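Below you'll find only one chain, the form deposited in one PDB entry, shown as structure tokens.
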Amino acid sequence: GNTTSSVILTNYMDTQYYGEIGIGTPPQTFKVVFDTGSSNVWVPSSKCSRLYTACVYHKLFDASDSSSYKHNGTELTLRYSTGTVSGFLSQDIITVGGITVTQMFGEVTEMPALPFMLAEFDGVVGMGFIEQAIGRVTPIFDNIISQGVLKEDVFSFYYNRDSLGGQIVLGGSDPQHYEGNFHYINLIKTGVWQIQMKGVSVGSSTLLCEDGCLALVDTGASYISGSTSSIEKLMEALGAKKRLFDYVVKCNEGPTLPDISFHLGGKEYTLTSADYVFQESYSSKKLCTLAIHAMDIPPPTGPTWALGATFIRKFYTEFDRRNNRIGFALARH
């Protein structure tokens, strides 16, 4: 085939990037994060009690309004950090840009109020592999590959600062949003969008990951994350102060913070202070949050760093299923 499909994304506060899909006949539309760090499609169910704040303010999929729905009903569960997300399996037609695919997805009937009530999007489209799919449910991109319509079996992400919030392209990349050529790194193994990282540097010197470490390239994560211990070290080197849920610096010190570099494949990928400090002020009397957090990701996938939107904003990213690799290029804004 010779198809590419693009979907325009909205940038909410540099932490959530989401675009529209349609499910059912007629289509019920949902704003969703396209997430390389998971493998299932989830939308809230019309069966979610209105006594869940995580459902009350989002769009709900109603199977009773869709002529193309096919019942399944298998329970599926995710033991998330703040509580259980559970729902049940359903099948319907899903449109993503130009593409229409028959897809099995989860209808959520309960999920914790935090963090999900603070999502400006309604659902999640996992762009990961079947190896990590709850219930081994065939992921959406697997089903699109099977249609044999895509120009290439890749998909690409542009995240803007904050005007276009971002863009996902299915079947290729959009050269309007990057400069030069991609540089590629092979997946450690098929099944996870995760690559080797060869070190993390502050200024000119390698501080961390000296012996090597893992990097999950996670389009659904807001931040760059590392293990509690790695991040403690990094923040020490930055002179950043720990809070209960983030790290901060005195706002005036923000622009003088050193570059942080991630050695991936044959290249160093450098973020300057402007790429990782939320410069909400320049005052010595105010504290500024960093777009780098600690997260201890458990096995099998962790422990690992995760390169989320903080990283992807700077580096346009292509996820290549044909060749089991990830490519980066400098984004154009």
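Whichever C-alpha set is largest while still superposing within 1.5 Å between the two forms counts as the rigid core. One rule holds for the numbers: they count along the sequence shown, beginning at 1.
Another form exists, deposited in another entry; not displayed. Remarks below refer to it.
S.K.: For the set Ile134, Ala113, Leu89, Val202, which residue undergoes a C-alpha shift of 2 Å or more between this form and the one not shown, given alignment on the rigid core?
M.R.: Meeting the 2 Å or more criterion is only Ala113.
S.K.: Quick one: core overlaid, is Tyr276 moving 2 Å or more at the Cα between this form and the one not shown?
M.R.: False for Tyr276: its C-alpha shift is below 2 Å.
S.K.: Take the rigid core as the frame of reference and indicate whether the C-alpha of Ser68 shifts by 2 Å or more between this form and the one not shown.
M.R.: No; that C-alpha moves by less than 2 Å between this form and the one not shown.
S.K.: With both forms fit on the core, is the shift of the CA atom of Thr10 between this form and the one not shown 2 Å or larger?
M.R.: After core superposition, the displacement of the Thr10 C-alpha between this form and the one not shown reaches the 2 Å mark, so yes.
S.K.: Are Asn11 and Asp218 closer or farther apart at their Cα atoms in the other entry than shown, with the shift being 3 Å or more?
M.R.: Compared with the shown chain, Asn11-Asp218 is closer in the other entry.
S.K.: Closer or farther apart in the other entry, the C-alpha atoms of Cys288 and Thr82, for a change of 3 Å or more?
M.R.: Between the C-alphas of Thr82 and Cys288, the gap widens in the other entry (3 Å or more compared with this form).
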